[PDB]
Structures are given as structure tokens and as C-alpha cells.
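Residue numbers (the entry's author numbering): -3 to -1, 1 to 159.
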């Protein structure tokens, strides 16, 4: 599973705040995530499918802002130019990840505006590079199915594909 994330990957949920994808899938939690459309606007959508994909090769990617992403080398994330590329590629080409700097402040703003709302008007964006990685072997992976755009915001501000 290319678009799978490790158990502990924290997804920013509307109703409960950050929750590990493994928990969301293991309990098949009905909740919504924050996603970005092709026009770069943020909106919420409820999870439609919960997938427990067993195990596969997972790497730990260390980000410039200190956060970390544990996923398959080819998992895609949103870049500063609005391209969904494999994190390994983002590391290899030293591209910048388009991320939200302050989650709390961003969610607060989105609570007082009509959605979808421009991601850049929601909060301050930070362009962070992926500085390194290291194999973790084969680990437990999961994925959630969304009804609209196949991406969602992580607790660290990064936007992961699905």
C-alpha cells in the first residue's frame, strides 16, 4: 500500500483533534478530517472507508521543523507548488513541504469562516524540507478513504495524500 501511513501518524480530526490513524481505523471512528481542494481551499469531510493494510516497509522521515512522518517512501505529500509527490522524492529533490505553522490558530480561524476557505488565509504557512530518513523495517500500515479530495491535514501541519 503506497498511500498508507504508520499507526502513530496523527491526523487532525474536526471533532476530536489529533488522533493516530491506527486508532481511527481500529475503532472505525466516524469523524471528519480537513482537506484541500484543487483551488487550494480547505474544507472538512467525513471518513468513508477505514483500511487496515497489514504491514510493509516504513521509513521515518525527519522534517526541518522537527516533526516526523513515518510512511512508505512513496507516500505523497503536498509541496509548496501544490504538487502531491512521494516524500522520498521530496527528500531527494529537497523540495519544500507546504505546511500550517499553527494548527490551533488555523482551526480557530476556520471555525469563523465559510468553507471552503483559502488555506493561506487560514493561517501562517511554513515551507519545511525533509532533511533525512532511516528504515524502520516492515510495520503496521493504515489508510482512510475519503469521499472527495484524497488528502488530509496531519497534526504537524503537513498535508498527506490518501
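Every residue, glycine too, gets a C-beta built ideally from N, C-alpha and C.
- Around the Cβ of residue 3, a 10 Å sphere holds 16 or more other Cβ atoms; the residue is buried.
- In this structure, residue 153 sits away from residue 140, with a CB-CB distance that is not shorter than 8 Å.
- Residue environment analysis places residue 148 among the buried positions, since at least 16 neighbouring C-beta atoms fall within 10 angstroms of its C-beta.
- Between residue 97 and residue 124 the beta-carbon gap is near 11 Å, outside 8 Å, which marks them as no contact.
- Of all C-beta pairs linking the region 103 to 117 to the region 35 to 44, three or more are shorter than 8 Å, placing the two stretches in contact.
- Rounded to the nearest whole angstrom, the CA to CA distance from residue 131 to residue 58 is 7 Å.
- Here the C-alpha atom of residue 77 lies approximately 11 Å from the C-alpha atom of residue 155.
- Residue 68 sits buried, since 16 or more C-beta atoms from the chains shown fall within 10 Å of its C-beta.
- Here the alpha carbons of residue 101 and residue 120 stand approximately 9 Å from one another.
- As the crow flies, the alpha-carbon of residue 32 is around 6 Å from that of residue 150.
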